[PDB]
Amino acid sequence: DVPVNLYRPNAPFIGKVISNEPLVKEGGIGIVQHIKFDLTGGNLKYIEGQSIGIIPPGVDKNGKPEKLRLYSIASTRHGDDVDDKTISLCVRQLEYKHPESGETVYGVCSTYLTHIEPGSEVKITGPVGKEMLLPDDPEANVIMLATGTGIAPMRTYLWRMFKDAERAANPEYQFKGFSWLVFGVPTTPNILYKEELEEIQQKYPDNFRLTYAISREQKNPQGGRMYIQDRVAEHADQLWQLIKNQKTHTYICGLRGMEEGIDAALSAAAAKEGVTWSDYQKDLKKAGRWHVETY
């Protein structure tokens, strides 16, 4: 049974911020924060791949109360401390330049969160989501295609799979399959969780493969910016070789734009072997092995 909607927008849980820590190291673009909340007092229950709602303070350009924004849960069911006391979020600060006034414009909810203080209280809803759940099979192959903060569900998967204290805490799940993360960010300092993602890979080298698409330090073979789909095309045949296995699940989280190029890269690899990828993918979706969360 997957717990969904334990708290509803009509009556959110009031969490309290435990810590708000930076994820973009110096030299990096913008602000992405790891925010840990205290759950105790509601005992909000959740699993990996799900989202929560955050309702920020304030009203909009129309006088209306701000509605919730969804954020992917970045911690496992146990929280980062492995004690079932916390839930963590991975939040990029949304700011752009207004479309010809040119004034810096701030996103309401994300700017509230990335500047939120330890001890502050936040309205939390959920969890929601049943489409981004890991299979129970510990020998499953798990392809993880992520841009930016799309890393968030991938951290809940990879932590449950490979953190020492998670294995200790999950006797029913001792992962021994193969996981492959293709992770796209703009710079090397924008690789969220880089150190831990690389600890995992040296710790479990035959179980986790880690591939970077660093937008602004790497050009694809045709002189453009190196995106996730350029990595997919580069390893298109390796990927399609795993996707052909019925033990294999694919998770795509982040920009909706990564998709059509992922579909181009795999459609070519599929074609070489006589398969047409748009039908094959239609069947992977119906089977529930093609998991997509883009926003």
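Numbering starts at 1 and runs along the sequence shown.
*Asks:* Out of 33-41 and 47-55, which one has CA B-factors that are higher on average in the deposited record?
*Replies:* Between 33-41 and 47-55, it is 33-41.
*Asks:* Where do the C-alpha atoms have the higher mean temperature factor in this entry, in 189-197 or in 217-225?
*Replies:* Per the deposited B-factors, the answer is 217-225.
*Asks:* Out of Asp137, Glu121, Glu131, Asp206, which residue has the highest Cα temperature factor in the PDB record?
*Replies:* If I rank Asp137, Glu121, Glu131, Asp206 by C-alpha B-factor, first place goes to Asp206.
*Asks:* Would you mind checking where the Cα B-factor of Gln238 ranks among the modelled residues of its chain, as the lowest, middle or highest third?
*Replies:* Its C-alpha B-factor belongs to the middle third of this chain's values.
*Asks:* Among the modelled residues of its chain, does the C-alpha B-factor of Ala165 lie in the lowest, middle or highest third?
*Replies:* Its C-alpha B-factor, which the entry lists for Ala165, ranks in the highest third among residues of this chain.
*Asks:* Please rank the C-alpha B-factors of the chain's modelled residues and tell me whether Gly102 sits in the lowest, middle or highest third.
*Replies:* CA B-factor rank for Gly102: highest third.
*Asks:* Hey, what third does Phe175 fall into on Cα B-factor, ranked over its chain?
*Replies:* Middle third by C-alpha B-factor.
*Asks:* Taking the chain's C-alpha temperature factors as the reference, tell me which third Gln202 falls into: lowest, middle or highest.
*Replies:* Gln202: CA B-factor falls in the highest third of its chain.
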